[PDB]
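A.B. asks: Supplied in structure tokens, the structure appears directly below.
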Amino acid sequence: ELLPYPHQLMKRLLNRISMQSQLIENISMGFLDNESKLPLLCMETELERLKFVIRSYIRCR
Amino acid sequence: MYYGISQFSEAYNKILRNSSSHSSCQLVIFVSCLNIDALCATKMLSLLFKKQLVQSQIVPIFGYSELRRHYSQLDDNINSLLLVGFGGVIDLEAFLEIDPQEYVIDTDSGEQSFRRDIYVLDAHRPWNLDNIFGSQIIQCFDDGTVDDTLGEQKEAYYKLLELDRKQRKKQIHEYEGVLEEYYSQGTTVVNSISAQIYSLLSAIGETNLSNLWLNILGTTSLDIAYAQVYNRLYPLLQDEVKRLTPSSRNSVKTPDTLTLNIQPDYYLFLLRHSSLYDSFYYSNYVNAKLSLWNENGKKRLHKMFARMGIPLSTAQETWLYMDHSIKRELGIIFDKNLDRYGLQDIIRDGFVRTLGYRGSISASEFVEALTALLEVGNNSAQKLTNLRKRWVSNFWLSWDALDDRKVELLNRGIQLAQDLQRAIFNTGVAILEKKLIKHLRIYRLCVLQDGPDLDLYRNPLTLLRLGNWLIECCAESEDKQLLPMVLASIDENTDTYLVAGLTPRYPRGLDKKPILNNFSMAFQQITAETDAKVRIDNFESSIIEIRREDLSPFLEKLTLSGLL
Amino acid sequence: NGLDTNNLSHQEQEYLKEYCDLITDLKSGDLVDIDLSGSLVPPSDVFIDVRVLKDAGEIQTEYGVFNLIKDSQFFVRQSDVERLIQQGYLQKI
Amino acid sequence: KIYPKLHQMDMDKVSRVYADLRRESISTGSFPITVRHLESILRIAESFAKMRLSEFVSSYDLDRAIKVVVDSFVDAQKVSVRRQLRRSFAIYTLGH
Amino acid sequence: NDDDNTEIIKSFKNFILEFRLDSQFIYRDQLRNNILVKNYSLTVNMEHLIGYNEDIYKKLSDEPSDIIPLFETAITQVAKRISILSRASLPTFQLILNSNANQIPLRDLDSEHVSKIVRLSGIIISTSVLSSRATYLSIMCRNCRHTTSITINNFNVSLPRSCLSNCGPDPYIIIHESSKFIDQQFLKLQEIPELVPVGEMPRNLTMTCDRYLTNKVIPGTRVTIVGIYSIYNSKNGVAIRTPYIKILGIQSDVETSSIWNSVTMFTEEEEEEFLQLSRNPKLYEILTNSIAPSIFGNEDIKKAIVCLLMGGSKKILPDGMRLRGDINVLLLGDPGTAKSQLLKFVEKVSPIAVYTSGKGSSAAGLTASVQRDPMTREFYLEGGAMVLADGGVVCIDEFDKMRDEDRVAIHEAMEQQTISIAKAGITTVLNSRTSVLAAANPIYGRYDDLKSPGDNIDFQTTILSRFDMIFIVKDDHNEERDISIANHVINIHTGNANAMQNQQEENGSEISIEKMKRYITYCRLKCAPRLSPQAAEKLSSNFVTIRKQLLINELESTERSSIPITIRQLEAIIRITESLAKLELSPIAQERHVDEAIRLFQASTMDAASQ
Amino acid sequence: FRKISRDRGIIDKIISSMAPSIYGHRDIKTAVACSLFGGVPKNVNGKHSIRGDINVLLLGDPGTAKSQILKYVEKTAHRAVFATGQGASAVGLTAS
Amino acid sequence: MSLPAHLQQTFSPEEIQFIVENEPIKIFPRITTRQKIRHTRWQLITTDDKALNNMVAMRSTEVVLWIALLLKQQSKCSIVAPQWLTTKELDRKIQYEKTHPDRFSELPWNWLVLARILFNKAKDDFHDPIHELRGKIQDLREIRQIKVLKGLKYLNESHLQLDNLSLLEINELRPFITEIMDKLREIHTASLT
Ligand SMILES: Nc1ncnc2c1ncn2[C@@H]1O[C@H](COP(=O)(O)OP(=O)(O)NP(=O)(O)O)[C@@H](O)[C@H]1O
Ligand SMILES: Nc1ncnc2c1ncn2[C@@H]1O[C@H](COP(=O)(O)OP(=O)(O)NP(=O)(O)O)[C@@H](O)[C@H]1O
Ligand SMILES: [Mg+2]
Ligand SMILES: [Mg+2]
Ligand SMILES: [Zn+2]
């Protein structure tokens with residue numbers, strides 16, 4: 001079956017991807033001026049892992 | 001001086017500070033292809049920058065003409081360069097057309113900084129002084145040569161740089177006299193580039209068995225031509241194998257155990273991967289002691305196997321299938337018998353790696369495989385370029401064969417090495433039977449005009465295999481005077497000769513101060529004097545190309561040259 | 001075409017255009033933050049070694065600039081090169 | 001023991017010899033000169049290098065072989081054309 | 001002694017269970033994969049056995065006949081552990097060996113090798129019927145009726161001389177109902193032609209294989225064997241006994257398929273190379289230049305040899321009428337034109353072929369001969385060159401020097417694709433579906449182009465009509481062509497052509513013998529193309545033009561033509577039209593194939609008849 | 001052998017030594033010398049092969065040492081076989 | 001269509017890896033990120049951020065498996081294998097499997113997937129010698145494959161029960177079990193009036 005769409009869940013996640021992707025860019029402006037880079041690497045690879053689940057979800061439906 | 005051995009951590013931390021970001025690629029490594037030591041150095045250095053997450057690009061380069069082309073087109077965001085295996089002996093600031101005023105930033109204070117660093121990882125000498133003293137952008141790494149050897153040149157360089165009439169005549173010709181003696185030294189390799197990067201990994205605290213194997217491979221490649229250097233470094237490699245090898249002994253073999261032993265590694269050709277007969281027949285050293293090109297030399301080989309008590313039918317079995325009793329008795333058979341033939345020097349201890357159940361490879365056998373991948377792994381401007389593209393393409397076959405996941409590509413290499421050494425031998429006998437080595441008083445000349453599969457010898461490395469075979473052969477004969485040798489080979493398609501100048505060397509067991517390749521000056525000085533067409537663009541500047549009709553005029557002025 | 005026309009009937013040459021235009025209308029809107037035409041192989045991989053398989057010189061891409069010199073190798077974040085891998089300029093993974 | 005190789009400096013001589021031998025073999029009852037008779041000049045040149053016990057065919061072996069093959073072709077012709085053929089082939093018959 | 005065998009067995013169970021490279025337990029996995037498809041065997045590569053524990057290889061190679069049957073039981077014990085639940089049967093597994101030990105030339109086998117594992121190679125000249133050996137005898141006593149059994153392993157045992165518990169001196173009979181048996185086959189292997197010493201007849205071994213190695217070969221295949229060189233006490237000298245090989249691993253060199261009902265033995269890594277190659281826009285140029293690359297010119301003969309290697313398509317009507325799909329070609333011509341060098345090439349590219357000389361041949365030696373078996377004293381039938389070449393090409397060189405009684409035996413085998421026999425109370429029609437490629441000279445050696453074109457040719461219209469393309473290969477003495485050949489031939493002798501043929505293969509302008517043999521073998525199994533309805537409109541309008549042309553040429557010549565056009569030659573142009581569609585793996589044949597098939601027929605049979 | 005092989009004119013010494021008791025016929029002695037040493041047999045990438053042996057036809061008048069030249073080569077060659085006219089069959093040559 | 005054919009009704013093994021990488025794993029950090037009372041910070045949105053900003057070298061902690069593998073790719077972590085990846089606990093499960101033909105043992109849903117990930121990425125962090133762990137993971141893989149082949153003799157129009165089968169062992173069987181039970185259902189429902 002085509003299951004019913006998670007309306008409020010999807011609006012929430014598409015906010016957090018927009019806010020988090022702005023945050024990763026803002027933190028990359030501090031690096032122009034400790035200064036350890038693992039949390040930047042994790043915040044970026046988490047958005048790739050999350051954007052994949054939503055793309056794979058929408059492409060499926 | 002520029003970065004001494006004590007201060008490689010500062011040069012590395014400077015790379016991290018300048019060129020680490022998650023935003024962009026910022027680091028470029030230019031590596032000379034056609035150099036195994038530069039390959040093993042660059043493999044270690046990439047595993048390091050992988051672990052630090054430094055985004056980087058590796059570009060293999062054939063020669064100086066391609067160095068200018070690739071440098072000319074670097075994206076201006078690239079702010080660190082490593083030049084691995086070349087450029088120490090050329091003025092890089094002049095050659096690349098740098099003016100530091102176009103590179104300087106934040107000049108304030110007794111201070112400078114620059115938008116690019118150029119770090120030179122090179123083992124060749126004599127160092128160009130305008131790199132080692134005369135530049136702030138070029139940043140050489142050192143084994144110790146500068147502080148130990150260059151103190152008179154340092155002083156002469158600065159007093160001449162400051163001095164932009166008796167009191168002047170009395171001094172300007174003293175200091176130019178010191179530089180003029182410092183140049184007018186022949187070329188030599190004095191260290192491995194891989195042992196330099198392993199001493200950097202030792203400063204950072206990154207050493208492990210994978211980096212140690214690449215250190216052993218890179219350093220072993222010197223043994224054929226710079227034996228005097230392999231023997232300095234070999235004691236230091238033994239200590240690191242002990243330091244990193246785990247506690248267990250009388251250990252059970254399991255698919256997961258890597259063992260990197262120090263054990264007998266006889267000076268024979270591809271022993272563990274060929275027969276015991278082909279091991280002797282195709283060895284440079286054996287051929288040199290037995291005179292094994294002519295059929296009385298082949299009799300001396302059979303007469304030796306018969307006296308050792310190994311049937312020819314057993315000696316010719318592939319070493320895996322050769323019987324369990326011979327393979328453990330072999331240390332005793334050689335320690336009894338080799339002395340009769342003077343082959344005693346074949347007994348050697350070396351590094352032997354075995355992984356799981358897949359059977360041992362020695363560092364010697366592994367570099368024979370990796371070189372065979374560089375050599376044969378796959379309108380004259382197109383005819384050169386579509387050939388130099390092939391030698392850049394082969395670098396990635398040798399690179400991928402350093403990975404343990406890719407043993408099938410090492411096994412390609414081990415088959416190709418046995419195809420090459422057979423062709424070298426079948427050509428080397430033709431030279432010695434037909435008397436093609438002419439004695440020209442100052443040097444020995446050899447010129448391959450025609451022959452079977454002659455189209456191999458247009459790769460600079462394959463010409464140097466045949467060079468090292470003819471050199472070992474001469475260097476053991478007690479009547480010949482040691483003389484520089486010139487080895488030339490035609491390409492019938494480009495219509496040039498590839499010409500290589502070779503240093504002789506002392507017999508493999510005698511134990512002197514080194515001798516230096518002064519063809520690198522003699523070819524430049526004769527080239528500057530003549531109107532002939534040549535290429536002087538190779539990184540091993542003992543090797544040149546010349547159009548067919550210009551060769552005899554060139555050699556005619558080489559014999560007159562006082563520079564050899 | 002999200003990233004042979006002789007074989008198609010004219011209605012199919014037309015339909016393929018109208019459907020490529022529909023795909024770009026979905027990703028050009030809300031839901032733009034995820035590249036819907038992107039890969040369905042999961043991102044198990046962070047940085048990758050990639051070997052540049054064809055010469056293409058200096059090229060731009062949204063995230064940065066590469067000089068795609070024949071048989072140079074890059075170690076770079078998978079998410080930057082993934083479209084160049086798909087176009088076949090790059091090799092490995 | 002001996003198996004001689006070729007230096008490839010022969011190309012114009014052997015090709016003109018074969019072209020001449022074929023062109024003069026238009027005569028009706030003449031010897032059947034064929035590609036297996038070019039190939040013969042190359043076999044005979046290798047046999048002379050074996051007699052000198054050499055691993056390489058010289059241009060003197062290629063001349064002796066062309067002389068043997070041309071002389072044996074010309075001697076098979078009728079007296080009515082043997083003069084014309086000796087006169088035509090002189091650069092190859094008098095080569096050794 | 002059975003403490004010692006239990007340790008040898010335990011040490012090989014642990015080879016199967018522990019041997020690993022990378023993540024994968026390659027012998028546990030191979031056992032399970034073989035159990036599911038129900039072949040109870042394991043192939044072991046001996047480099048891995050040496051890699052695990054060299055003492056085991058030492059034990060094995062010292063006395064194979066006593067250690068191989070201990071590794072077979074170690075395999076069965078693992079096979080139970082990995083495929084049956086304990087505490088909730090399989091036969092004895094075969095061990096098959098792969099090796100890279102040095103090949104011993106077949107004539108160098110001698111007393112030094114008795115009982116050793118020996119690797120070698122040769123041409124299979126014969127295969128027997130299957131025979132049954134026991135692996136388990138059920139047993140019962142004649143007198144006291146005690147019952148037991150004997151497990152048998154077939155290396156280097158017999159019925160017991162004592163009742164085991166007077167009961168008598170030879171007490172036991174075999175209960176056949178409860179016994180179990182295995183297949184055994186005898187081969188004969190001749191040595192390879194390029195390894196026979198000067199002036200000797202090629203030497204021969206008999207050898208035996210059993211279980212999953214039976215039926216793995218056919219006569220004419222070139223094979224490498226691993227086996228135990230060993231001895232048997234035949235009744236056929238003094239203190240003397242006959243050598244043979246117990247075969248432990250056949251390995252056919254080119255994947256020549258053996259006894260094979262067209263089954264899908266290809267692998268996806270080569271099938272996807274062929275399926276790209278089919279779709280190359282230049283494919284017919286590539287295959288034409290890959291035929292005999294050292295032979296200059298002869299371009300149409302190479303184009304026709306490519307058609308002959310594919311054949312057309314075989315058809316079977318609701319009538320029951322069978323249509324020939326195989327193409328036959330005649331190279332009739334002047335001396336030294338590469339006719340025999342092209343036959344010696346098609347013998348090597350074709351996946352099955354036989355080269356023969358018509359002067360060295362008989363009717364019986366070509367088709368099938370009646371032999372008399374010296375033991376049964378019965379007659380039996382043996383296949384000649386046409387039966388050996390079945391499904392392939394027979395190359396008949398010197399076809400003009402064949403006797404008139406021998407040439408006629410070929411007439412059935414060229415059209416109806418059978419060999420009928422009625423001799424010594426045997427009668428059969430044997431199948432023999434081959435292409436014939438033949439080479440010949442005219443009467444008077446050269447073509448004598450001024451003489452009548454029927455007075456040059458010896459052959460009757462009965463045999464000439466059985467050839468689909470006849471090439472009259474005239475040699476023409478044009479000086480520009482003779483220089484172009486002279487330069488080419490010298491480049492072969494001087495060794496330049498070797499490097500050029502290597503460079504053209506690397507350039508993709510040419511393909512190797514091994515690749516081409518496997519491409520031909522694939523096309524024969526994936527395509528049998530039909531004519532499109534528009535291809536019939538062209539082939540009909542053409543063939544009636546060819547007959548009008550012939551009738552006019554006969555009216556000038558005042559006689560029946562010696563080279564005919566007949567309806568068997570319409571089917572030749574149809575069959576060529578299909579061969580060109582098999583090349584590119586087309587499911588159908590089209591107007592572009594019909595244009596090239598009419599062109600090749602014009603350049604061969606019709607320009608040969610026109611003379 | 002190595003010493004004499006570098007005699008200037010070794011070919012013409014060896015040719016003069018073919019059937020040394022038969023006078024003249026230096027073209028036959030030359031042809032016999034070439035056939036008796038042979039050329040080099042060739043195989044090309046494994047695909048193709050070329051004949052290295054040299055075949056010779058002594059055609060001519062009676063009582064001219066054609067048969068004595070052949071009976072000398074039977075003494076001189078390593079492995080040799082002699083056959084004659086009506087005494088030789090299709091499969092006494094060849095094989096049966 | 002929008003979704004490739006080989007994904008239309010099932011997960012790729014790489015998607016089954018991606019699902020398993022979302023689980024918590026215990027680690028020993030080799031970095032102290034914890035700031036003292038006497039700097040960059042993680043700020044994640046799919047997992048608990050409060051575990052990573054509080055790392056202290058060599059005191060164990062739990063993190064999501066895809067972060068443990070990303071830290072272990074540098075020297076910056078070591079991954080503590082679960083209790084069931086011990087030669088004791090694997091050998092109790094092998095005994096359970098042999099003892100109960102009728103059932104699969106209570107291994108966790110991800111056991112093959114997690115064994116394959118950690119043997120490649122964390123090969124040095126096992127207390128037992130990894131060649132005996134690989135050996136027992138294979139012993140378990142093979143026994144469960146026999147029990148699966150026994151289970152397929154019962155394909156049905158109504159249902160099956162497959163209690164402790166792993167996600168990777170379900171995912172290989174999915175396009176066979178469901179495709180055959182679908183045709184058994186179509187053949188059955190067709191017979192009904
Ligand atoms: N076109 C050619 N290109 C290359 N080699 C050729 C060519 N024509 C002839 N030769 C060579 O010359 C010889 C010809 O002999 P062969 O191939 O046996 O001739 P043939 O056509 O069968 N003549 P024949 O048996 O006399 O009717 C071989 O060694 C060939 O390789
Ligand atoms: N040129 C010659 N020099 C020396 N003796 C010769 C010469 N020609 C012929 N003889 C001798 O005379 C005889 C004839 O030679 P023979 O080989 O028998 O003749 P032939 O040429 O084969 N003639 P034929 O048999 O009739 O065809 C032999 O005894 C020879 O030794
Ligand atoms: Mg022929
Ligand atoms: Mg006579
Ligand atoms: Zn009894």
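Following the order of the structure tokens, first chain is A, next is B, and so on, with residues numbered from 1 inside each chain and ligands from 1 in the order they appear.
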As a list in words, please: the residues near residue 2 (chain F) (cut-off 10 Å, only C-alpha atoms, same-chain neighbours under 5 positions excluded).
C.D. replies: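 Near residue 2 (chain F), the qualifying residues are residues 52 and 53 of chain D; 7 of chain F.
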A.B. asks: Would you output that residue set with N, CA, C and O atoms, as a short mmCIF file (atom, residue, chain, number, x, y, z; two decimals), in the first residue's frame?
C.D. replies:
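Okay, result_12.cif is ready:
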```cif
data_model
loop_
_atom_site.label_atom_id
_atom_site.label_comp_id
_atom_site.auth_asym_id
_atom_site.auth_seq_id
_atom_site.Cartn_x
_atom_site.Cartn_y
_atom_site.Cartn_z
N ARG D 52 79.29 -19.19 -41.64
CA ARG D 52 80.17 -18.30 -40.87
C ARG D 52 80.00 -18.41 -39.35
O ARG D 52 80.66 -17.71 -38.59
N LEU D 53 79.10 -19.29 -38.91
CA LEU D 53 78.78 -19.65 -37.54
C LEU D 53 78.36 -18.41 -36.71
O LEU D 53 78.51 -18.36 -35.49
N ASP F 7 87.89 -17.63 -40.36
CA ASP F 7 88.72 -17.55 -41.56
C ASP F 7 88.02 -16.66 -42.61
O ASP F 7 86.88 -16.92 -43.01
#
```
A.B. asks: What residues have any atom no more than 7 Å from ligand 1 when counting only C-alpha atoms and all ligand atoms, and can you list them as a PyMOL selection string?
C.D. replies: (chain D and resi 35-36+39) or (chain E and resi 294-298+333-341+440-441+485+489) or (chain F and resi 50-51)
A.B. asks: So that I can see what lies close to region 501-515 of chain E, please list as number ranges by chain the residues with an atom at most 6 Å from it, counting only C-alpha atoms and leaving out residues fewer than 3 positions away in the same chain.
C.D. replies: E: 286, 290, 349, 497-498, 518
A.B. asks: Go through the chains and note each residue within 8 Å of ligand 2, using only C-alpha atoms and all ligand atoms, then give the set as a list in words.
C.D. replies: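 The distance check yields residues 21, 22, 23, 24, 25, 60, 61, 62, 63, 64, 65, 66, 67, 68, 69 and 70 of chain F.
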A.B. asks: Pull N, CA and C atoms from the residues just selected and write them as a compact mmCIF listing (two decimals), in the first residue's frame.
C.D. replies:
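Now in result.txt:
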```txt
# COMPACT_ATOMS: atom_id res chain seq x y z
N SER F 21 85.97 -34.57 -54.37
CA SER F 21 86.36 -35.37 -55.54
C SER F 21 85.45 -35.26 -56.77
N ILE F 22 84.42 -34.41 -56.75
CA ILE F 22 83.62 -34.04 -57.93
C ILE F 22 84.12 -32.69 -58.44
N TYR F 23 84.56 -32.63 -59.69
CA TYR F 23 85.11 -31.41 -60.27
C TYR F 23 84.01 -30.44 -60.73
N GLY F 24 84.28 -29.13 -60.65
CA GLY F 24 83.39 -28.09 -61.13
C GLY F 24 82.07 -28.02 -60.37
N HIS F 25 80.97 -27.71 -61.06
CA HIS F 25 79.61 -27.68 -60.49
C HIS F 25 79.50 -26.84 -59.21
N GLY F 60 69.23 -32.20 -64.83
CA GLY F 60 70.19 -32.11 -65.92
C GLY F 60 70.51 -33.39 -66.67
N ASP F 61 71.46 -33.25 -67.59
CA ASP F 61 71.96 -34.31 -68.48
C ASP F 61 72.56 -35.52 -67.73
N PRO F 62 72.76 -36.68 -68.40
CA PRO F 62 73.36 -37.88 -67.82
C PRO F 62 74.87 -37.79 -67.58
N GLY F 63 75.34 -38.48 -66.55
CA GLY F 63 76.73 -38.68 -66.18
C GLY F 63 77.39 -37.39 -65.75
N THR F 64 76.84 -36.75 -64.73
CA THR F 64 77.21 -35.40 -64.26
C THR F 64 77.23 -35.29 -62.74
N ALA F 65 77.39 -36.40 -62.03
CA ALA F 65 77.51 -36.45 -60.59
C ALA F 65 76.28 -35.90 -59.85
N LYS F 66 75.07 -35.97 -60.42
CA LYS F 66 73.84 -35.65 -59.68
C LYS F 66 73.63 -36.71 -58.61
N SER F 67 73.75 -37.99 -58.95
CA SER F 67 73.63 -39.11 -58.01
C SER F 67 74.83 -39.22 -57.07
N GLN F 68 76.06 -38.90 -57.48
CA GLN F 68 77.21 -38.86 -56.56
C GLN F 68 77.13 -37.72 -55.55
N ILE F 69 76.67 -36.53 -55.93
CA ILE F 69 76.38 -35.45 -54.99
C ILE F 69 75.35 -35.91 -53.96
N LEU F 70 74.24 -36.53 -54.35
CA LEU F 70 73.27 -37.05 -53.39
C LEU F 70 73.86 -38.15 -52.49
```
A.B. asks: Need the shell around region 47-53 of chain E: protein/DNA/RNA residues with any atom at most 7 Å away, counting only C-alpha atoms. Skip same-chain ones fewer than 3 positions apart. Format as number ranges by chain?
C.D. replies: B: 357-359; E: 19, 56-57
A.B. asks: Between CA of residue 69 (chain C) and CA of residue 60 (chain B), what is the distance, to one decimal in Å?
C.D. replies: 10.0 Å
A.B. asks: Which residues are near ligand 5 - at most 12 Å, using only C-alpha atoms and all ligand atoms? Format: as a list in words.
C.D. replies: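 Within the 12 Å cut-off, the matching residues are residues 139, 140, 141, 142, 143, 144, 145, 146, 147, 148, 160, 161, 162, 163, 164, 165, 166, 167, 168, 169, 170, 171, 172 and 173 of chain E.
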A.B. asks: Using only C-alpha atoms, find which residues of chain F lie within 12 Å of chain D and jot them down as a ChimeraX atom specification.
C.D. replies: /F:1-15,26-42,50-60
A.B. asks: Name the residues of chain C that fall into strand (DSSP E or B) according to DSSP on the backbone, using the chain letters and numbers of this document, as an mmCIF file with N, CA and C atoms, in the first residue's frame.
C.D. replies:
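Result file is part12.cif:
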```cif
data_model
loop_
_atom_site.group_PDB
_atom_site.id
_atom_site.type_symbol
_atom_site.label_atom_id
_atom_site.label_comp_id
_atom_site.auth_asym_id
_atom_site.auth_seq_id
_atom_site.Cartn_x
_atom_site.Cartn_y
_atom_site.Cartn_z
ATOM 1 N N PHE C 47 35.315 10.284 3.798
ATOM 2 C CA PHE C 47 36.320 10.679 2.818
ATOM 3 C C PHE C 47 36.715 9.456 2.012
ATOM 4 N N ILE C 48 37.001 9.668 0.741
ATOM 5 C CA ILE C 48 37.345 8.621 -0.203
ATOM 6 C C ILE C 48 38.514 9.074 -1.052
ATOM 7 N N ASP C 49 39.372 8.139 -1.402
ATOM 8 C CA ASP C 49 40.340 8.295 -2.459
ATOM 9 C C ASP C 49 39.635 8.121 -3.804
ATOM 10 N N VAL C 50 39.826 9.041 -4.741
ATOM 11 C CA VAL C 50 39.274 8.987 -6.092
ATOM 12 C C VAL C 50 40.349 9.271 -7.110
ATOM 13 N N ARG C 51 40.393 8.498 -8.187
ATOM 14 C CA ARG C 51 41.413 8.623 -9.231
ATOM 15 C C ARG C 51 40.794 9.228 -10.471
ATOM 16 N N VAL C 52 41.374 10.257 -11.070
ATOM 17 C CA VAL C 52 40.621 11.006 -12.089
ATOM 18 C C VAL C 52 40.845 10.373 -13.452
ATOM 19 N N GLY C 57 40.517 19.026 -17.066
ATOM 20 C CA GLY C 57 41.152 20.266 -16.656
ATOM 21 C C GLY C 57 40.609 20.824 -15.344
ATOM 22 N N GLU C 58 40.839 22.114 -15.101
ATOM 23 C CA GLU C 58 40.183 22.845 -14.016
ATOM 24 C C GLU C 58 38.675 22.870 -14.228
ATOM 25 N N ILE C 59 37.919 22.324 -13.282
ATOM 26 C CA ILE C 59 36.471 22.459 -13.265
ATOM 27 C C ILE C 59 35.979 22.978 -11.926
ATOM 28 N N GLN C 60 34.956 23.817 -12.007
ATOM 29 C CA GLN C 60 34.144 24.209 -10.868
ATOM 30 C C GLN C 60 33.107 23.121 -10.557
ATOM 31 N N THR C 61 32.658 23.097 -9.318
ATOM 32 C CA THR C 61 31.450 22.436 -8.808
ATOM 33 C C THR C 61 30.989 23.254 -7.598
ATOM 34 N N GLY C 64 33.438 23.354 -4.569
ATOM 35 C CA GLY C 64 34.853 23.651 -4.781
ATOM 36 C C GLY C 64 35.384 23.403 -6.190
ATOM 37 N N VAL C 65 36.692 23.552 -6.356
ATOM 38 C CA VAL C 65 37.419 23.469 -7.629
ATOM 39 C C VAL C 65 38.428 22.331 -7.578
ATOM 40 N N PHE C 66 38.491 21.562 -8.652
ATOM 41 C CA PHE C 66 39.453 20.493 -8.858
ATOM 42 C C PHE C 66 40.125 20.688 -10.204
ATOM 43 N N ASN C 67 41.420 20.417 -10.305
ATOM 44 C CA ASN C 67 42.076 20.236 -11.585
ATOM 45 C C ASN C 67 42.144 18.747 -11.900
ATOM 46 N N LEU C 68 41.293 18.275 -12.790
ATOM 47 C CA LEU C 68 41.163 16.876 -13.159
ATOM 48 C C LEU C 68 42.215 16.504 -14.211
ATOM 49 N N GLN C 73 45.376 11.552 -8.272
ATOM 50 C CA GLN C 73 44.473 10.995 -7.273
ATOM 51 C C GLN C 73 44.157 12.012 -6.192
ATOM 52 N N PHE C 74 42.908 12.111 -5.762
ATOM 53 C CA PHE C 74 42.450 12.993 -4.700
ATOM 54 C C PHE C 74 42.011 12.160 -3.511
ATOM 55 N N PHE C 75 42.209 12.641 -2.295
ATOM 56 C CA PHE C 75 41.509 12.165 -1.113
ATOM 57 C C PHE C 75 40.605 13.288 -0.633
ATOM 58 N N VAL C 76 39.300 13.088 -0.766
ATOM 59 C CA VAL C 76 38.272 14.127 -0.692
ATOM 60 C C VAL C 76 36.983 13.529 -0.142
ATOM 61 N N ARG C 77 36.168 14.356 0.507
ATOM 62 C CA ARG C 77 34.831 14.026 1.033
ATOM 63 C C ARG C 77 33.892 13.447 -0.038
ATOM 64 N N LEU C 90 35.656 10.403 -12.524
ATOM 65 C CA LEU C 90 36.367 9.884 -11.376
ATOM 66 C C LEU C 90 36.113 8.391 -11.221
ATOM 67 N N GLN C 91 37.077 7.717 -10.633
ATOM 68 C CA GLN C 91 37.159 6.288 -10.396
ATOM 69 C C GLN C 91 37.530 6.065 -8.929
#
```
A.B. asks: With DSSP run on the backbone, what are the helix (DSSP H, G or I) residues within region 11-177 of chain B? I'd like them as a ChimeraX atom specification.
C.D. replies: /B:11-19,36-51,64-72,92-95,100-102,129-132,145-149,151-162,166-177
A.B. asks: Can you work out which one of D:14, D:1, D:9, D:57 has the shortest atom-to-atom distance to residue 487 (chain E), counting only C-alpha atoms?
C.D. replies: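 Of D:14, D:1, D:9, D:57, the one nearest residue 487 (chain E), counting only C-alpha atoms, is D:14.
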A.B. asks: Identify every residue of chain B that has at least one atom within 9 Å of any atom of chain E, counting only C-alpha atoms, and report the result as an NGL selection string.
C.D. replies: :B and (253-256 or 316-318 or 320-325 or 356-359 or 405 or 452-453)
A.B. asks: Mind checking which residues fall within 7 Å of residue 448 (chain B), counting only C-alpha atoms, ignoring those fewer than 3 positions away in the same chain, and posting them as a PyMOL selection string?
C.D. replies: chain B and resi 488-490
A.B. asks: Point out the residue among A:51, A:31, A:3, A:61 with the least atom-to-atom distance to residue 18 (chain A), counting only C-alpha atoms.
C.D. replies: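 Closest residue, counting only C-alpha atoms: A:51.
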A.B. asks: CA of residue 527 (chain E) to CA of residue 582 (chain E): how many Å, to one decimal?
C.D. replies: 5.6 Å
